[PDB]
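One chain is shown next in structure tokens, namely the form deposited without the partner chain.
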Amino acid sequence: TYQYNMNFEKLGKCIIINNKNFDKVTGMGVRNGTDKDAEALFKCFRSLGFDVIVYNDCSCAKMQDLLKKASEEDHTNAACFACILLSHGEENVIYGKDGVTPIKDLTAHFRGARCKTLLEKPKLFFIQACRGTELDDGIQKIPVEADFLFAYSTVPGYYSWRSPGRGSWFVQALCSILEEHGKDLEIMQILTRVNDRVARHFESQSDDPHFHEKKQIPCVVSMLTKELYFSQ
């Protein structure tokens, strides 16, 4: 056996929450380039076979409802599920336009038999919640539920960088590697390469002496029980 069965009418759904502009009450700023990332992720995942839908500047209420509804839809014919969050974030929590929401709440909706139609099926969450805060330098969890996998752009207590023009390093890497091996490599090989790609070569820096040179590395959390290949 060893692999998640991909014999279904569709690969499954891909929700992309792209939070760029936030309220005055949150105190957060505009995440430029998040649109270069969202489009790239859209194309990439779409060509992987996902029925991708992109939501912009969502409130915590929506991101929440947005996922409760999805967990409520019937996935009997879906092979898996994937959610992609692009926003500001801190600890186990992402920013909505009007505040902040605990990641655990978003993924809860799928937790175990609370979404039977997706049971035994991989639930993927890709999170790029830049600015955790406290960066790095330079050298040289949630769902307690099987079949969930997380890929964090930053990491628990860091600050991943990008460029307000070219976009995030994680996304560029994620998309590029998927846009070439998405159908011939197991999900963990894809992600491991993204890790190296983000590590090697790129070396985070800034125009401010307080954020100058801060090496970051993505993080993968896996509760998967099989090997995951997209080529159904």
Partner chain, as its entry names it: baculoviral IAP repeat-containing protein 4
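Numbering follows the first chain given and starts at 1.
There is another form of this protein, the form deposited with the partner chain bound, and it is not shown here; the text below is about that form.
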Quiz prompt | Contact flag, residue 206 vs the partner chain in the deposited complex, heavy atom cut 4.5 Å | solution = yes
Quiz item: Would residue 45 count as a contact of the partner chain in the deposited complex, using a 4.5 angstroms cut-off between non-hydrogen atoms?
Solution: no
Quiz item: Closest heavy atom of residue 50 to the partner chain in the deposited complex, within 4.5 Å or not?
Solution: no
Practice problem: May I ask you to state whether residue 110 is within 4.5 Å of the partner chain in the deposited complex, using heavy atom distances? | Solution: no
